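This document opens with one chain alone, in structure tokens, the form deposited without the RNA.
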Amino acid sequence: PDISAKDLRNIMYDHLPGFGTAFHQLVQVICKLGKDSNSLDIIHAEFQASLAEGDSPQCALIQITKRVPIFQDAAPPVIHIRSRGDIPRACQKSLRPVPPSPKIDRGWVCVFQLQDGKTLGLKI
């Protein structure tokens, strides 16, 4: 049966070091956007092909954002959270002020919208 978003997330997580890193959140974003555009199969194929060519899994994930057309010139998704503390420890130092026109294929993984109005971009 078809690969699900959760299955793909787990496959990608299996290749990443650490826990709750910016790359883990990029997996989340790739899987959610991929699910919503019925593109999980090509995303998985690009991931596996990059690994097969010898790329690191980090590089494979970035290549997805540049080579799978749903991500080309796409803005990062907005994720609503309560406070900065909801964001995983390993992501904290990757949080930045949000620039004008952030793009996933330029390393802006997602934008966190905090409950008090603050906004932070997650950068790789």
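Just count from 1 along the sequence shown to find any residue number. In this text, rigid core is short for the largest set of C-alphas that superpose within 1.5 Å between two forms.
Novice: Comparing against the shown form in 6 other deposited structures of this protein, which stretch has the larger RMS C-alpha deviation after a rigid core superposition, 81-89 or 58-66?
Specialist: Higher average C-alpha offset in 6 other deposited structures of this protein goes to 81-89.
Novice: Between 18-26 and 100-108, which has the larger average Cα B-factor in the PDB entry?
Specialist: Mean B over CA atoms: larger for 100-108.
Novice: I need to verify one thing: averaged over C-alpha atoms only, is the B-factor higher for 81-89 or for 33-41?
Specialist: Comparing 81-89 with 33-41, the higher average CA B-factor belongs to 81-89.
Novice: Highest Cα B-factor in the PDB entry belongs to which of 75, 95, 59, 49?
Specialist: Of the options given, 75 has the highest CA B-factor in the PDB entry.
Novice: Should residue 3 be placed in the lowest, middle or highest third of its chain by the C-alpha B factor in the entry?
Specialist: For residue 3, the deposited C-alpha B-factor lands in the highest third.
Missing here is the form solved in complex with the RNA; even so, the following discussion is about that form.
Novice: Within 4.5 Å, heavy atoms only, which of 72, 56, 48, 37 is in contact with the RNA in the entry with it bound?
Specialist: If I apply the 4.5 Å criterion carefully, the residue I get is 56.
Novice: What is the one choice in 90, 78, 81, 42 with a heavy atom within 4.5 Å of the RNA in the entry with it bound?
Specialist: Contact residue from the list: 90.
Novice: Indicate whether residue 124 is a 4.5 Å heavy atom neighbour of the RNA in the entry with it bound.
Specialist: Output for residue 124 is yes: heavy atoms within 4.5 Å of the RNA.
Novice: Can you check whether residue 23 is within 4.5 Å of the RNA in the entry with it bound, heavy atom basis?
Specialist: Residue 23: contacts the RNA in the entry with it bound.
Novice: Find out whether any non-hydrogen atom of residue 94 is located within 4.5 angstroms of the RNA in the entry with it bound, and reply yes or no.
Specialist: Answer yes; at least one heavy atom of residue 94 falls within 4.5 Å of the RNA in the entry with it bound.
Novice: Find out whether any non-hydrogen atom of residue 33 is located within 4.5 angstroms of the RNA in the entry with it bound, and reply yes or no.
Specialist: No, no contact at 4.5 Å.
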